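A.B. asks: Build me a model from this:
(2 chains, ligands or ions: 4)
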Amino acid sequence: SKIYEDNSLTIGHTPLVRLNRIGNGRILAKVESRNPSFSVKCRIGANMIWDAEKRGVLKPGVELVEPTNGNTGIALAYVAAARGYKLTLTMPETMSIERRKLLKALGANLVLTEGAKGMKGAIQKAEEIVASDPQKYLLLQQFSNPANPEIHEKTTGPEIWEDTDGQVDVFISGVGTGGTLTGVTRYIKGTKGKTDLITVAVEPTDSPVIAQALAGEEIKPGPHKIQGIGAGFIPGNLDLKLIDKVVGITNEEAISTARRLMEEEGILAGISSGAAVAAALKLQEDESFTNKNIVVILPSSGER
Amino acid sequence: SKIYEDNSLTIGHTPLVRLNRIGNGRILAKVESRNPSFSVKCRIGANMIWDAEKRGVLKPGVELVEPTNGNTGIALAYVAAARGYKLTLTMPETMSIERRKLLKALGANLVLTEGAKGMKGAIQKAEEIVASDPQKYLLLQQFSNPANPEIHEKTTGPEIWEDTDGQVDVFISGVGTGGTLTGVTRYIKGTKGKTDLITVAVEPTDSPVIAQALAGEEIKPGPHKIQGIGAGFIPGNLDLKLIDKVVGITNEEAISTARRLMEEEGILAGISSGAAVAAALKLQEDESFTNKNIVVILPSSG
Ligand SMILES: *Cc1c(COP(=O)(O)O)cnc(C)c1O
Ligand SMILES: *Cc1c(COP(=O)(O)O)cnc(C)c1O
Ligand SMILES: [Cl-]
Ligand SMILES: [Cl-]
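C.D. replies: Numbers count the residues shown, from 1 in each chain, chains lettered A, B, ... in the order given. Ligands and ions are numbered 1, 2, ... in the order given. This is the structure:
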């Protein structure tokens, strides 16, 4: 039989689709919106919780607190609802109403922080909360929790490897927490020994901290429009050593490519998905990439 | 390998999830929002197109024409863009503006039809555009094209049978085109021979045309809020003979049950999904249903 005991167990097994009009026919797009909550974040929402349960830190009585409210917050709310945990989400008061209605519909307890302070406030306001009662509260922290890249090493990676029968030559991932890039690469280059896999990190041209970091330059972030990626720093879950190339994408290239994905391929993609595919197109302008099969993660449906 | 040649080929194989708080533990919800375009309609959008291609009527340069007021047009738009077809959608002026904006944004050529005539006028107009140039245009009519229930007989049904190892006892489907109910039932009662499967059609209490039709009464529809179901007439794709029971659901029951799905199960469900599950709850109020495995279609997300 194949009956899932709860919605959190339905994560992954997302489809790999050949793009026929965008690129040379060798761009294979992994559609992470085919997940509960419509984004790749459901994999880590699920595993960070399962991991906490296995470690014995999450159990009856313990409750969750997260500064998140973007794709990870939604992912944590659905898993919390499905598995019976109280969840408190802190978020700058700037968030859309439908966004909070959705989180509340999922049963999350919302705590709004000073709009001007932005996410930096919610992050502070959450550590304040957990610090207030360290035993009662659990802060997961997607940027450094190993269970983040671990789920990609155990599911996303194997899926890419099996779906291409090992025929994956390049792997492109827009970096947010870095967990997808890190986990998939560890599985393919490490576990499967395909050391000639080319791992490409994608980031906004206006906040190129990975390229800065790799070049030994000072980290200087900037504002950009590619929601989901470009956090402005190097996350603990991003292993810079696994990166073979970094491609910077402009807000305009990301948006226009996301539109091409719907119009030319019938794939409803978010802006970061457009950015990742734009990176694939850039690489294909280089003759060394011409006959390589490129697997690209499309993180979410967008928001639209 | 498992590389899909285009997004239309990725339909189906949706998860069956046990509901743990809602109901007695025997309600298994099939999540149709895990499909491209986020609804069960991608199955028919894809198969009507694949079928037309197989029949030889759909060919490059041929433009699709389909009447719609909801999810089918949206799914057809995804599928059309994926396989390279231009698409025209006829829809009544009763349709909301946001809905019109969304459909155009997805690439469809929109033809609004007389508000007074409803869906009947939209299908009427679709046929006329086709007849205006039959070599250029191909009609894809979801209420009568048998490729609709056919895809459910070939994918949804088998998925339900394999996922429950044949242990499904009741099948609940809120009816719009009726294709899901018809195809799944044909597969399970017919191909698999499980004649005692109890097939349940769900409809809005305020527009109980299936109950009316089965009672031999005059069909008198009414306004309701369960989007996606209750077309107000008996679709050619609804085989009334396959229905064992009809459960009427109120707007309030549908909405509150959809909310329970989100909060108690972490399942993002649309109103018609709440309606289908509310019907399951109603059946479990009856001792004869207490130990049965109930499979319920959750057509789309919230
Ligand atoms: C999280 C996310 C990413 C980046 O994924 P990471 O595994 O965190 O690198 C990209 N786009 C969107 C929309 C995301 O939510
Ligand atoms: C199409 C649809 C249904 C009904 O499915 P049928 O197979 O057409 O009867 C129910 N709910 C929603 C939201 C739908 O889009
Ligand atoms: Cl899609
Ligand atoms: Cl869901």
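
A.B. asks: and the stretch 1-150 of chain A, which residues reach chain B?
C.D. replies: A:1-8, A:10, A:15-18, A:20-21, A:28, A:31, A:34-38, A:77-83, A:102, A:105-107 (CB under 8 Å from any CB of the partner chain). (Each C-beta comes from the backbone N, C-alpha and C, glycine too.)

A.B. asks: Report the buried members of those.
C.D. replies: Using 16 or more other CB atoms under 10 Å in any protein chain shown as the burial test, the residues of the stretch 1-150 of chain A next to chain B include A:3-4, A:6-8, A:10, A:15-18, A:20, A:28, A:31, A:34-38, A:77-83, A:102, A:105-107 as buried.

A.B. asks: In chain A, which residue sits closest to ligand 4?
C.D. replies: The minimum distance from chain A to ligand 4, using CB to the ion, falls at residue A:36 (4.4 Å).

A.B. asks: which residues does that residue contact?
C.D. replies: A:7-8, A:10-11, A:42, A:75, A:78, B:31, B:34, B:266-268 (CB atoms under 8 Å, 6 or more residues apart in numbering or on different chains).

A.B. asks: could you redo the last one with a cut-off of 6 Å?
C.D. replies: A:7, A:10, A:42, A:78 (CB atoms under 6 Å, 6 or more residues apart in numbering or on different chains).

A.B. asks: same deal with residue A:206?
C.D. replies: Contacts of residue A:206 by CB under 6 Å, 6+ apart are A:222, A:224.

A.B. asks: roughly how far apart are it and chain B?
C.D. replies: 27 Å (CB to the nearest CB, to the nearest Å).

A.B. asks: Could you list the residues in contact with stretch A:44-53?
C.D. replies: A:8, A:11, A:58, A:75-76, A:79, A:140, A:145, A:147-148, A:151.

A.B. asks: Most widely separated two among those residues?
C.D. replies: Greatest spatial distance among the contacts of stretch A:44-53 (CB to CB): A:11 and A:58, at 17.4 Å.

A.B. asks: Look at the two and report which has more neighbours.
C.D. replies: residue A:11 (25 against 20; other CB atoms under 10 Å in any protein chain shown).

A.B. asks: Residue A:153 is in contact with residue A:186, correct?
C.D. replies: Yes: counting by CB atoms under 6 Å, residue A:153 is a contact partner of residue A:186 at 5.0 Å.

A.B. asks: tell me which element the residue in the stretch 101-250 of chain A that ligand 3 sits nearest to falls in.
C.D. replies: Minimum separation of the stretch 101-250 of chain A from ligand 3 (CB to the ion) falls at residue A:228, amounting to 16.1 Å. Using DSSP states H and E, residue A:228 sits in no helix or strand.

A.B. asks: Spit out the contact partners of it.
C.D. replies: Counting by CB under 6 Å, 6+ apart, residue A:228 has contacts A:176, A:272, A:299.

A.B. asks: try 7 Å
C.D. replies: A:71, A:174, A:176, A:270, A:272, A:299-300 (CB atoms under 7 Å, 6 or more residues apart in numbering or on different chains).

A.B. asks: Got the phi and psi for it?
C.D. replies: phi 100, psi -30 (degrees, to the nearest 10).

A.B. asks: So which residues of the stretch 1-150 of chain A form strands?
C.D. replies: Using DSSP state E, counting those that start in this stretch, the strands found in the stretch 1-150 of chain A span residues A:16-18, A:27-31, A:63-66, A:87-92, A:109-113, A:137-139.

A.B. asks: In helices, which of the buried ones among the residues of the stretch 1-150 of chain A next to chain B fall?
C.D. replies: A:77-83, A:102, A:105 (DSSP state H).

A.B. asks: so residue A:179 makes contact with residue A:154?
C.D. replies: No: counting by CB atoms under 7 Å, residue A:179 does not reach residue A:154; the two are 11.7 Å apart.

A.B. asks: higher neighbour count, the two?
C.D. replies: residue A:179 (34 against 17).

A.B. asks: what's residue A:145 in contact with, if anything?
C.D. replies: So residue A:145 contacts residue A:48 (CB under 7 Å, 6+ apart).

A.B. asks: cool, and residue A:115?
C.D. replies: A:92-94.

A.B. asks: biggest separation within the contacts of residue A:36, which pair?
C.D. replies: Top of the distance list for these (CB to CB): A:10 and A:78, 10.4 Å.

A.B. asks: Next, the buried residues of stretch A:192-206.
C.D. replies: So stretch A:192-206, judged by 16+ other CB under 10 Å, has buried residues A:194, A:197-206.

A.B. asks: Inside strands: which ones of the residues you listed?
C.D. replies: Cross-referencing the buried residues of stretch A:192-206 against strands under DSSP state E gives A:198-204.

A.B. asks: Around ligand 4, pick out the residues from chain A.
C.D. replies: residue A:36 (CB under 5 Å from the ion).

A.B. asks: Domain map for chain A?
C.D. replies: A:1-34+A:156-304, A:35-142 (curated CATH domains).

A.B. asks: My guess is residue A:281 contacts residue A:23. True?
C.D. replies: Yes: using CB under 7 Å, residue A:281 makes contact with residue A:23 at a distance of 5.8 Å.

A.B. asks: Roughly how far does residue A:253 sit from ligand 3?
C.D. replies: 20 Å (CB to the ion, to the nearest Å).

A.B. asks: before we move on, what about residue A:89?
C.D. replies: For residue A:89, the distance to ligand 3 - CB to the ion - is 27 Å.

A.B. asks: Provide a list of residues in contact with that residue.
C.D. replies: Taking CB under 7 Å, 6+ apart as the test, what residue A:89 contacts is A:66, A:68-69, A:73, A:103, A:108, A:110-111.

A.B. asks: rerun that using 8 Å as the cut-off
C.D. replies: Counted by CB under 8 Å, 6+ apart, residue A:89 has contacts A:65-69, A:73, A:76-77, A:103, A:108-111.

A.B. asks: Write down the beta-bridge partners of it, one by one.
C.D. replies: residue A:66, residue A:110 (DSSP bridges).

A.B. asks: Excluding chain neighbours, what is closest to residue A:59?
C.D. replies: residue A:53 (7.0 Å; CB to CB, 6 or more residues apart in numbering or on different chains).
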